[PDB]
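Below is one structure, written out as structure tokens; comments come after it.
Cβ: placed from backbone, ideal geometry, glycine included. Neighbour counts: every protein chain shown. The numbers here are math on the coordinates, done by the rules we state, and not lab data.
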Amino acid sequence: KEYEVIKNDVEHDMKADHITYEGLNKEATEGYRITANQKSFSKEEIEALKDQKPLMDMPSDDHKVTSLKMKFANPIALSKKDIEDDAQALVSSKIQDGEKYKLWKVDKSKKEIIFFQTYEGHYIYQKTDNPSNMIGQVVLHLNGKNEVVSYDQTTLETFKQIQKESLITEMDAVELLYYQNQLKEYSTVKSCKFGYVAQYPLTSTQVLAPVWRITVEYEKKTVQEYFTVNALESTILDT
Amino acid sequence: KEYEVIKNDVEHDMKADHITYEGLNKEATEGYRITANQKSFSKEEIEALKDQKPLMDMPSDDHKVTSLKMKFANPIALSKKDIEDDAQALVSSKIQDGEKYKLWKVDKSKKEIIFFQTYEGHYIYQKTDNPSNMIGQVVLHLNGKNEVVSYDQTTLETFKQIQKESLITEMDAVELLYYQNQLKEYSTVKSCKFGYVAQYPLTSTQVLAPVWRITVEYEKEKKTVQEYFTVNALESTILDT
Ligand SMILES: [Cl-]
């Protein structure tokens, strides 16, 4: 074979450029391309949220609500040095479909706690920039003594695995990055974590792709960079 | 640039194995993922076809007709040695949206000529097996002396471009075949033509991705045998940084 000759050429260049790998799988598994619908919240779901007052236009004949901005009637105390667990606990038991979200980031400058919707317990990685690219998140807003005041929410529902495929390994993903010239010399691969990204929208439906999220620290000073590499092996089709 | 190292390794390996190729674009191009709806054939549309009686159930409250199956009152003579042009003429003049379809294969074993629907000049490459894979085709059925007796039709409409992306180069696509151990020693790369394939369904919507349709030929008392490959044209290895 030639995949082999090429692969270990990339090995013998990575060793040349002193690139470090960490506990990475070399055994392929099976994966799926997923399509999910954008949840549309109804009148009856919204008012069914006890002890919570809305901060958005209710739905109607013209208007659909795919984004909840809700205010708690009384703000909820979160522990100082246990903040992360208390935050999960709050999301699970008070927010609709809360079980389905995992904690991403505690941003202290923005005074918020960000949660990503998962699939099979794996992050659906998204941009924490803005509400545009918030397909599936819960963002908790805090004030003062770290009490949650309001939260923003969007949800994916009705998942369909539409296409099965073989997935590239972890090491595969890293070689693929080095190939694309995304690794300077002496650069370390800190982690290689699995999850999804919305590859593109359809009418009212996102199409998810499984990915490896790679975290490299390297020099330019020392910085971490994050790459989202496509886990799907869809190169050759059938004829 | 470390892809430049590896690409030129692959380039040499190919010369080592005597794989010849010519006039292949090394420059990146921009393409689109697209969608289309499966044409649903109304009653009006069906009994607007003159000198044609249907061989399928008419549409109803319960039913919808995405696939025609249509018989000519009097079968139409095709020509002996000019068969292909006579076929294209028939499809365009006598069939709904005929000019959108480009002739694909003449299959004497099944006694049927096959047209594939196109988009912006290119083929929607499909399988020629069952009618399940027949998302956009016209199939002429013949009997006796080259005379068209009937045809089956499926049509795509309402094409939308839903995401523009960078395509991989012609040259890239052939290297990809080699890399994955698909090309035999001493083979010739005859063509790298562009087109689309159905990636998967979604109710009435079909999602279509661009592909390179690479034809290769080699020897096998020598025989010149050909192989056809379809490589996904979309470059989508790195999605975010
Ligand atoms: Cl893809």
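Rounded to whole Å, the principal axis extents of the Cα atoms in the stretch A:38-157 read 46, 32, 24, largest first.
Once you treat every alpha carbon in chain B as an equal point and sum by Debye, what is log10 I(q)/I(0) at q = 0.11, 0.14 Å⁻¹? At q = 0.11, 0.14 Å⁻¹ the computed log10 ratios are -0.71, -1.01.
Each of A:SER42, A:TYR178, A:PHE72 was placed along the dipole of chain A (beta-carbon charges, centred on the mean Cα), and the one lying farthest toward the positive end is A:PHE72. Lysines near A:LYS190 by alpha-carbon distance under 22 Å, same-chain residues fewer than 8 away left out - which ones? Those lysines meeting the cut-off are A:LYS7, A:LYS15, A:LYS26, A:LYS102, A:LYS105, A:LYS127, A:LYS220, A:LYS221.
Count charges around B:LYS110 for me, please; just the other residues with Cβ under 13 Å from its Cβ, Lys/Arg as +1, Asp/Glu as -1. Mind dumping the intermediate values first?
Details: positive: B:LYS105, B:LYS108, B:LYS111; negative: B:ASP107, B:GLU112, B:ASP129, B:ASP152.
Result for the neighbourhood of B:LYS110: -1.
Roughly how many whole Å is it from the C-alpha centroid of the stretch A:21-46 to that of the stretch A:47-78? Spelled out, the Cα-based centre of one part sits 25 Å from the other.
Amide hydrogen proximity for A:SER187: with H placed 1.01 Å from N in the peptide plane, the residues at 5 or more positions away or on another chain lying under 5 Å are A:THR20. Only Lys, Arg, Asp and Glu carry charge here, each on its Cβ (+1 for the first two, -1 for the last two); on that basis chain B has a dipole of about 960 debye about its Cα centre. Here the calculated FRET efficiency for B:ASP9 and A:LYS110, from their Cβ-Cβ distance with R0 = 60 Å, stands at 0.80, rounded to the nearest 0.05.
Where does chain A land at 222 nm, in deg cm²/dmol rounded to the nearest 500, when only DSSP H runs of n ≥ 4 count, each adding -39500 (n - 2.57), divided by all residues?
On the way: 4 runs with 39 residues, N = 239.
The per-residue figure over chain A is -4500 deg cm²/dmol.
Phi angles across the stretch A:88-96 convert, under the Karplus curve 6.51 cos²θ - 1.76 cosθ + 1.60 with θ = phi - 60°, into 3J(HN,Hα) values of 4, 3, 5, 5, 4, 9, 10, 8, 4 Hz, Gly and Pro given as x.
Assign one of three labels to the stretch A:133-239, namely rounded, prolate or oblate, based on the Cα gyration tensor with a ≥ b ≥ c the square roots of its eigenvalues; rounded applies when a/c is under 1.5, prolate when it is not and a/b is larger than b/c, and oblate otherwise. Oblate.
For the protein assembly as shown, the Cβ-based charge dipole about the Cα centre amounts to some 980 debye (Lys, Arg positive; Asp, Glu negative; other atoms uncharged).
Taking Cβ atoms as reference points and 15 Å as the exclusive limit, the residues near A:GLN224 contribute a net charge of +2, counting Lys and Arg as +1 and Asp and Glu as -1. Comparing the protein assembly as shown with the 2.2 N^0.38 Å rule of thumb, its C-alpha radius of gyration ratio is 1.21 (two decimals).
Amide H contacts of B:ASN25: B:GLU170, B:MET171, each under 5 Å away and 5 or more positions distant or on a separate chain (H built 1.01 Å from N in the peptide plane; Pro and chain starts excluded). The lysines whose alpha-carbon is closer than 18 Å to the alpha-carbon of B:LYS64, local same-chain residues fewer than 8 away aside, are B:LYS39, B:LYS43, B:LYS53.
The packing ranking, built from the mean of other Cβ atoms within 10 Å per residue, places the peptides A:70-83, B:103-116 in the order B:103-116, A:70-83, highest first. Over all other residues within a Cβ to Cβ distance under 11 Å of B:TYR196, the charged ones net out to +1, with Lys and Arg as +1 and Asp and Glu as -1.
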